[PDB]
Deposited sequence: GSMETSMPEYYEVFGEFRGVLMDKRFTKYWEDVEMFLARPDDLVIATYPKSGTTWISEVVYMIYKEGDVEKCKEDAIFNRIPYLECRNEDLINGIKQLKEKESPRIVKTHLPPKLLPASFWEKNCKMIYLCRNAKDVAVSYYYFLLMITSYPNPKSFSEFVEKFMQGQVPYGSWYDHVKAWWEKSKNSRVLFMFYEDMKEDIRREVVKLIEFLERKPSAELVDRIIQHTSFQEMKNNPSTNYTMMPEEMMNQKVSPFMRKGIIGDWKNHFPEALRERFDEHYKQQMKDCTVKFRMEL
């Protein structure tokens, strides 16, 4: 059952396997040069992770989940992201989906640089729906509408999308925390890549920016076994049900939200984000 698999932890619904040994996350030790990449699930985490990795390697083309460990991921003794990080050489790149109040405090104390990425809410809901169908140990939603009712209530893994975006937007007041959008990478990739190269204190030569653009397109990454998640067992992630690199577009909500549901969602959204100044792209 749904609530046998997921449980509320300090006000946030979570996979019980990731909270059984919470002490290991709470007491994590950060290093001054660690870089944190944070996102709400299904907002483009894999895409921006590959872009940053290429920058670290000066455009020189192991699975991505080994090169950039998923911090809180844990499944008893078979999978352990904290252990992977303790054995990783500096400078480390860290992936997470946690809201600010649950992130290890050591990261704030050492003032580490961080990058936060978001995507428009309706398109996130469609992508997250297919993800639950893909993960074998997660109960399949009865219908898309049923899933959306839960999304609006914050009753899905990692909690409320609204609370997540608003809290991280507040944190981005700091010059060492960069805030970005999926739709901006889609409509103006060259500008977004140059911005990332400069934030990471490197030089944006024309040759470098070009290698990155060609290597990280949707067509390329869909055929790259290192980034398309085929290096992960079908017993856990069944891509025959739904592929990881699905569509990669803006606007798929138009093929899933019935008229009546869309109006209720948008109305609810306005009340939740009323006083938030974040600037999403007109689409």
(message) No C-alpha coordinates means not modelled. Give me those stretches of the deposited sequence in order.
(response) 1 to 8, 70 to 74, 297
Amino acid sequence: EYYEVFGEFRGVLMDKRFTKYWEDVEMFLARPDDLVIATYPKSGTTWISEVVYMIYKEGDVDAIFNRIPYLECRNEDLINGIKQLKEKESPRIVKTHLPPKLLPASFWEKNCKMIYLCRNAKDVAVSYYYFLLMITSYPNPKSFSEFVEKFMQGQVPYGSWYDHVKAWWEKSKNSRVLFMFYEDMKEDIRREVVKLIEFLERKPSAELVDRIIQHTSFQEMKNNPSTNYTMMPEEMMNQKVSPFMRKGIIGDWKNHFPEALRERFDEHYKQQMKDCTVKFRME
From here on, numbers count along this sequence of modelled residues.
(request) With reference to the PDB entry, specify whether the mean Cα temperature factor is higher for 203 to 211 or for 73 to 81. (result) 203 to 211
(message) So, looking at the entry's B-factor column for Cα atoms, which has the higher mean, 63 to 71 or 219 to 227?
(response) 219 to 227
(request) Tell me, please, which of 255, 242, 39, 49 has the highest C-alpha B factor according to the deposited entry? (result) 242
(request) For the C-alpha B-factor as written in the entry, point me to the maximum among 35, 250, 30, 232. (result) 232
(request) State the tercile, meaning the lowest, middle or highest third, of residue 276 with respect to the CA B-factors recorded for its chain. (result) highest
(request) Give the position of residue 270 by CA B-factor within its chain, expressed as the lowest, middle or highest third. (result) highest
(request) Please rank the C-alpha B-factors of the chain's modelled residues and tell me whether residue 24 sits in the lowest, middle or highest third. (result) middle
(message) Quick check on the deposited entry: does the C-alpha B-factor of residue 87 sit in the lowest, middle or highest third of its chain?
(response) highest
(message) Per the entry's values, where does residue 141 land by CA temperature factor relative to the rest of its chain, in the lowest, middle or highest third?
(response) highest
